[PDB]
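What follows is a single chain, given as structure tokens, in the form deposited in one PDB entry.
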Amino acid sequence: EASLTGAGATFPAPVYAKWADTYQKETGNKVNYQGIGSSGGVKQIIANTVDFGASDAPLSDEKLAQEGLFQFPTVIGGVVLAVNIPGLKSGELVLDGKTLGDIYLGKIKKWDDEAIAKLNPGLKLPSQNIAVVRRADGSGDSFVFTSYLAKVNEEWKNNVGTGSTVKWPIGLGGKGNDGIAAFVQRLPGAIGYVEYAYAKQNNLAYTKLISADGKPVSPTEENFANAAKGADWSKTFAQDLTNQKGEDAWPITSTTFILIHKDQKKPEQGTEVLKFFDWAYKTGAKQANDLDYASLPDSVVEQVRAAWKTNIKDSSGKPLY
């Protein structure tokens, strides 16, 4: 029985925690996962203080080659906007990318602003001031979210840009997805971006968003999968799944990655990391789905297995899978 440690992205933590629990019950293996944010996950795997790092923001082929890392996707989730708006219920407010960007830019300051009202004809929005909440830590959710905003709001694109950390024009900082959820829960008028599971498990209200094709879509496991249907995984695992075309494609969708060293110094550890994840691909789909994460098509899993065989080796050139 082995003891494994991973660290990183909080975006898929509920599901990694769930698979780890079940895995130990079935095999005795212990996987300790520390949700410290994607930036910390990358730092940690590079520093070698953990068996695997976890990041929602992919590293480029060159950065991977430079650090001797291999990257592979696990599940598909979505970022949603949790809101604390008195009198409104979950899923009732619709926002589009442009407006969402203006809220984050500080341009829109009240919930009954004309821009919001026009996207929500039937709604009676309070004249409550918006309290924007964002991540205090280096985050893959920030990356994904800013990647989205830069595509739909030109001003965001030009003044703040994209990144795990950016100069936020406004807002209170929350540490981790947990942090943002707690903030939104206690602040009337709050809006923060969290991975979907965090909104659901905390009973937070969330909004619908307008798809790239222009229709209001609700964030669901199936709508995350829908945004991923046209991804050409055979070309690369680092797919940009934000603002994708298609029927019911959630606009802020993202897969998330596991990073491991290609030249395993502790071959025994590396072998157990791959079994853990191979086990998760073969039997963990129902747990992912229970938490509203969409699974990767079997074809992508076979591609990952094929890449593990050609890329992960011990110091003697022997493959670990």
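Sequential numbering from 1, following the sequence displayed. Take the two forms, find the largest set of C-alpha atoms that superpose within 1.5 Å, and that set is the rigid core.
The same protein also exists as the form deposited in another entry; that form is not shown, yet it is the one meant from here on.
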Flag for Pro73, CA shift 2 Å or larger between this form and the one not shown after aligning core: yes
Honestly, after the rigid core fit, is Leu259 moving at least 2 Å at Cα between this form and the one not shown? yes
Flag for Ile108, CA shift 2 Å or larger between this form and the one not shown after aligning core: no
Based on a C-alpha change of 3 angstroms or more, tell me if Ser218 and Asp298 lie closer or farther in the other entry than in the shown form. closer
Indicate closer or farther: the Cα atoms of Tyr33 and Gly176, in the other entry, relative to the displayed form, with a change of 3 Å or more. farther
